[PDB]
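Beneath this line is the structure, given in structure tokens, with notes to follow.
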Amino acid sequence: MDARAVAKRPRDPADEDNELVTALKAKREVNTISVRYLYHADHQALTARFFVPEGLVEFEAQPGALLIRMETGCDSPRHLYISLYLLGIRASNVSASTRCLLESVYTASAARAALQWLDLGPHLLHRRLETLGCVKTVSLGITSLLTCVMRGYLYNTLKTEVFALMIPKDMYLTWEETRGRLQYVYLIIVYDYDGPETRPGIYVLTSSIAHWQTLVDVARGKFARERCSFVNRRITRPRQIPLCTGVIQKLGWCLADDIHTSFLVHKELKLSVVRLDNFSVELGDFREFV
Amino acid sequence: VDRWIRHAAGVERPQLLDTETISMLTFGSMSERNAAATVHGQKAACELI
Amino acid sequence: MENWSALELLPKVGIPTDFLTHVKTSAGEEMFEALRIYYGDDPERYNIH
Amino acid sequence: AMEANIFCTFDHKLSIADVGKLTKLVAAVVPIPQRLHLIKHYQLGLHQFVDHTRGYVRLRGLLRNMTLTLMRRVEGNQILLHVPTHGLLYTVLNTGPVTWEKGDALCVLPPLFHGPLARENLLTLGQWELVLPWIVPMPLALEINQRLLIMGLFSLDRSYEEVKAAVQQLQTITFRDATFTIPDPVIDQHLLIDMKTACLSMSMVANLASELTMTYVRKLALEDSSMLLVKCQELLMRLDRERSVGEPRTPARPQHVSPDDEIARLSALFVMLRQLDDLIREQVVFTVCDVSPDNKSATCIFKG
Amino acid sequence: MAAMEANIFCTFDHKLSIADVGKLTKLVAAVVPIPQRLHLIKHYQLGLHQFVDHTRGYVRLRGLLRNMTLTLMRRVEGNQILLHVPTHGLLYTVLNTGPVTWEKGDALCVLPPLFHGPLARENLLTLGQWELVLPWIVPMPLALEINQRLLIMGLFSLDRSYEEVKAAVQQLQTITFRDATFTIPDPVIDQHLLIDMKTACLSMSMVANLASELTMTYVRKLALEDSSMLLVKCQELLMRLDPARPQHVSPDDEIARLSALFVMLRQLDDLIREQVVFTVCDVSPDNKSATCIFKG
Amino acid sequence: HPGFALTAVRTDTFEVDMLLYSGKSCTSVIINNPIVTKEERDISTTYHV
């Protein structure tokens with residue numbers, strides 16, 4: 001109400017004493033806990049812990065990955081978290097040399113359950129997946145406790161280092177010849193309908209495009225080969241009703257200039273991967289198109 | 001005939017995407033491949049019958 | 001348009017003005033010549049080119 | 001005083017026992033028809049939108065325009081209410097029939113009372129009552145919307161038992177840790193008008209597109225830049241069994257339609273789509289990060 | 001590189017007349033699209049005017065506007081222009097340009113400019129062989145009617161004689177909406193439509209096969225029994241002619257067909273849709289200001 | 001020999017180290033005191049003087 005009250009600048013939390021400190025200031029009683037500076041008080045990024053089976057910790061131990069949840073008809077586990085690298089054995093896009101490489105790393109029996117579950121169902125793969133975020137600060141153990149990001153930049157605690165996002169080279173492609181100053185990262189799944197079985201076909205795709213209309217127009221370019229298949233399957237198989245030639249969804253955005261190629265190193269085997277740098281997370285739901 | 005002329009000229013045959021062709025007129029593109037070695041500099045010529 | 005802004009900045013001794021049928025109806029009937037109203041607080045009076 | 005809050009009042013005096021039934025909904029979603037400040041409790045809640053002859057579609061379409069607002073803290077004769085900012089986490093409440101799982105997408109839907117009694121209501125107060133929307137996970141919500149439309153497609157032909165046997169099964173959803181009987185839109189034999197208003201919108205394109213599109217396929221087919229149009233014309237046959245020299249090799253086409261009337265067939269083709277569009281998509285109002293134990297409260301980041 | 005700056009300064013090379021700067025003060029908090037998003041853009045990049053072409057196609061302005069980054073004007077001190085870029089999901093004031101009543105609570109979408117009755121575009125800014133053409137902010141229902149007609153305009157021309165093409169364009173170019181009349185400047189059939197016109201006709205075809213026979217017969221059965229003001233109009237839109245029980249009740253297969261149909265209406269219906277941006281809360285009585293939230 | 005008389009034109013690019021000249025006090029630049037705008041973005045606080 002006072003004219004000085006509207007004169008005041010917006011309040012500065014950092015100038016103010018910490019809430020734990022303030023109650024101690026009223027009693028003037030020191031405690032063993034160091035309340036002088038609470039950690040994670042400044043992070044815009046939001047996170048949530050994910051318990052994980054020990055057999056899927058590999059590759060994720062390097063900071064920067066993709067945890068997509070996988071629903072299952074089993075009553076336990078009801079949701080087996082899946083690394084994108086674990087999904088590479090399933091994707092048709094991966095080279096047979098690259099596929100044989102990481103597949104040897106997934107010798108764990110807990111990882112073996114994942115491939116068994118993708119195949120048994122009739123439902124399409126994109127319906128069973130759900131994007132969550134990215135790895136940082138792996139706990140490592142019989143039950144790993146990853147601190148997956150929900151919306152914000154990956155980085156080490158106390159801002160000491162900004163974690164890069166890792167993406168396999170086979171799944172990455174560039175539609176534009178000249179990068180823009182900004183480009184959103186759209187995770188994409190495109191089926192290639194055929195006959196005995198519908199293979200997937202993962203393609204993470206950075207693009208300067210933001211609007212949904214122009215984004216799915218360029219997607220109709222190289223993916224038109226599946227578009228001829230999805231229609232040809234319709235005249236071929238009455239009663240059968242294939243749906244969704246592909247799916248697009250936002251994953252985040254990057255500064256484009258910081259991007260450069262790299263390679264992960266785990267279990268002796270190397271694997272070249274595209275390396276997004278300052279990848280702010282911005283989750284986007286799956287969007288169907290034909 | 002349209003394909004036979006390109007062998008006589010050596011020009012590569014475009015197969016541009018329709019979405020690319022719209023931006024192709026709205027702006028431009030470096031449709032000509034860069035040479036493996038610039039012995040001197042940028043090429044420059046024109047034509048007036 | 002007659003320029004405004006300056007009327008909102010230059011001080012005036014002021015008058016106890018009174019007139020019938022409320023301030024709004026007199027402006028909505030266009031009985032006055034030049035007029036202007038705003039329901040927010042646009043900083044046009046703060047801007048000074 | 002940093003936090004913004006929407007105040008509310010009560011015309012009826014509350015019972016002291018009634019005040020504690022709002023404290024069980026500290027985190028529940030409380031949708032508001034329009035952003036304001038002071039709000040009478042008659043404006044509060046979805047109950048003001050209740051209708052008689054109007055069907056479920058009216059309750060849902062108005063809900064999309066409503067400003068969702070999380071409950072904050074009851075304080076005597078007041079109701080604190082904060083409208084979430086986009087991209088920030090908030091602890092909502094799982095009032096919905098189905099238990100949440102971590103990372104699931106969420107989208108608000110109107111409550112659906114069913115046959116046998118279970119949970120009912122607690123906040124009755126002078127005719128008006130504080131109804132709350134369900135917060136179903138999105139993948140289930142797509143299944144719910146598909147049922148109510150198809151169950152109304154059979155509303156025209158209730159007379160045969162085999163149709164009733166099928167609607168009885170579509171009524172019973174079966175999903176994780178839950179089973180429910182979504183109420184039949186059919187009631188008093190004839191369908192409610194809001195479903196009949198929507199059911200025609202599907203039947204329009206199901207029929208109006210079965211003739212109007214034939215003229216425009218043959219002209220675009222000359223390009224064959226994508227080649228699919230050569231097969232796309234045969235996609236319009238609408239048949240399963242292979243043709244057997246009955247010679248309907250090419251689709252039937254409209255004959256000498258008036259140029260002004262031809263525009264009207266297309267101009268009305270899309271106005272039907274504008275009515276049907278509300279059910280086609282569901283915005284993700286919330287995204288849970290980790291469910292709290294007892295499946296009551298759950299932290300969620302706001303979206304939209 | 002620094003992430004693209006929240007605050008943008010625009011500076012004009014040409015000297016400005018006092019008549020120009022006065023128009024800018026009333027133009028504050030208008031939506032001004034930009035392409036570069038540089039910290040200090042030139043006025044040539046400012047506005048939509050530089051993308052004008054001899055065809056003056058209204059279609060190409062629609063897709064080029066979607067690549068623009070919307071910004072809100074703020075603080076027009078002196079020559080400087082403070083084009084703040086709004087954050088997603090926060091409240092912001094908005095100032096109208098196109099004359100539309102704007103009912104409260106409707107979704108808004110940026111749209112290429114039309115013209116009202118004067119056709120003068122008067123009180124527009126001209127600035128030495130250059131103009132400031134700001135795209136209109138319009139209510140969502142107007143964005144549908146302005147675009148669903150445009151898709152029809154390319155279709156009807158395909159089979160009609162050129163004398164009959166102009167007769168339809170003469171009628172479809174005008175669009176009444178909330179009392180006020182409107183008309184589309186220079187509609188243009190173009191390859192910009194053909195890339196979109198083909199997928200629409202393809203989407204029209206796939207829906208014709210997805211439907212179950214009961215879904216299409218639902219109205220022809222309804223006409224046999226019920227009568228209503230809507231049903232009589234629907235018969236005018238359909239061919240006249242060309243209980244036995246449904247031929248096949250397979251609810252697990254019926255519902256699965258509906259899911260593919262939603263993929264089409266999330267696509268084919270979206271061709272006339274433009275992405276929503278501002279969400280109106282309380283319109284000002286002058287209809288020159290309204291608080292808004294959410295972006296495209 | 002064709003019946004054409006070809007006449008190609010060719011633009012070039014000669015690099016030059018031009019020398020400007022001007023008189024004393026040919027123009028008077030005027031300056032305001034520079035301002036320091038502030039920005040926030042979690043990882044960094046970019047400034048734009």
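If you're wondering about the labels, chains in the structure tokens are A, B, ... by order shown, residues count from 1 in each chain, ligands from 1 in order shown.
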**Q.** 12 Å contact set for residue 209 in chain D, only C-alpha atoms, chain neighbours under 5 positions out, as an MDAnalysis selection string
**A.** (chainID D and resid 201:204 214:217 236 238 253:254 265:266 268:270 272:273) or (chainID E and resid 200:211 216 237:239)
Q: Do a neighbour search on residue 49 in chain B at 8 Å with only C-alpha atoms, toss out local chain neighbours closer than 3 positions, and write the hits as a PyMOL selection string.
A: chain F and resi 4-7
Q: Taking the chain letters and numbering used in this document, name the residues of range 31-266 of chain E that DSSP puts in helix (DSSP H, G or I), as a ChimeraX atom specification.
A: /E:49-51,58-66,140-156,162-172,191-210,213-225,229-236,251-265
Q: To one decimal in Å, tell me the separation between CA of residue 98 in chain D and CA of residue 178 in chain D.
A: 6.1 Å
Q. What residues in chain A have any atom no more than 7 Å from chain B when counting only C-alpha atoms, and can you write them as a PyMOL selection string?
A. chain A and resi 217-218+221
Q.
For range 179-193 of chain E, find every residue with an atom within 7 Å (counting only C-alpha atoms), except residues of its own chain fewer than 4 positions away, and show them as a PyMOL selection string.
A. (chain B and resi 22) or (chain E and resi 56-60+114-116+154+173-175+197)
Q) When DSSP works through the backbone of this structure, what residues of range 23-191 of chain D end up as strand (DSSP E), shown as a PyMOL selection string? A) chain D and resi 39-40+70-74+79-82+89-93+105-109+134-137+172-175+178-181
Which residues of chain D come within 12 Å of chain B, and for each one, what is the closest pair of atoms and their distance in Å to one decimal, counting only C-alpha atoms, sorted by chain and residue number, as a Markdown table?
| residue | atom | partner | partner_atom | distance |
| --- | --- | --- | --- | --- |
| D:223 | CA | B:18 | CA | 11.9 |
| D:225 | CA | B:18 | CA | 8.9 |
| D:226 | CA | B:18 | CA | 10.0 |
Serialized selection, N, CA and C atoms, as a short mmCIF file (atom, residue, chain, number, x, y, z; two decimals), in the first residue's frame:
data_model
loop_
_atom_site.label_atom_id
_atom_site.label_comp_id
_atom_site.auth_asym_id
_atom_site.auth_seq_id
_atom_site.Cartn_x
_atom_site.Cartn_y
_atom_site.Cartn_z
N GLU D 223 0.82 -35.89 -62.08
CA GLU D 223 2.19 -35.56 -61.71
C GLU D 223 3.00 -36.80 -61.37
N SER D 225 4.74 -37.47 -58.92
CA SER D 225 6.02 -37.20 -58.27
C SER D 225 6.24 -38.13 -57.08
N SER D 226 5.16 -38.50 -56.38
CA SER D 226 5.22 -39.48 -55.30
C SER D 226 4.65 -40.84 -55.68
#
**Q.** Near-residue 148 in chain E list (8 Å; only C-alpha atoms; drop same-chain fewer than 3 positions) as a ChimeraX atom specification
**A.** /D:267,270 /E:144-145,151-152,272
Write the residues of the preceding selection, restricted to N, CA and C atoms, as a compact mmCIF listing (two decimals), in the first residue's frame.
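What follows is the written file result-v2.txt:
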# COMPACT_ATOMS: atom_id res chain seq x y z
N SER D 267 -17.45 -26.27 -48.69
CA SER D 267 -17.51 -25.29 -47.62
C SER D 267 -18.15 -25.87 -46.37
N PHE D 270 -15.81 -28.73 -44.14
CA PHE D 270 -14.88 -28.37 -43.08
C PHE D 270 -15.56 -27.81 -41.85
N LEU E 144 -9.54 -20.15 -39.14
CA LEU E 144 -10.06 -21.30 -39.87
C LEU E 144 -10.78 -20.86 -41.13
N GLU E 145 -11.70 -19.90 -41.00
CA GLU E 145 -12.49 -19.48 -42.15
C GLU E 145 -11.62 -18.83 -43.22
N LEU E 151 -7.99 -23.40 -49.11
CA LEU E 151 -7.75 -24.75 -49.61
C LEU E 151 -8.75 -25.12 -50.69
N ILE E 152 -10.00 -24.66 -50.56
CA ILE E 152 -11.01 -24.93 -51.57
C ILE E 152 -10.68 -24.22 -52.88
N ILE E 272 -5.91 -26.89 -42.24
CA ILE E 272 -6.52 -25.56 -42.12
C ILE E 272 -6.18 -24.91 -40.79
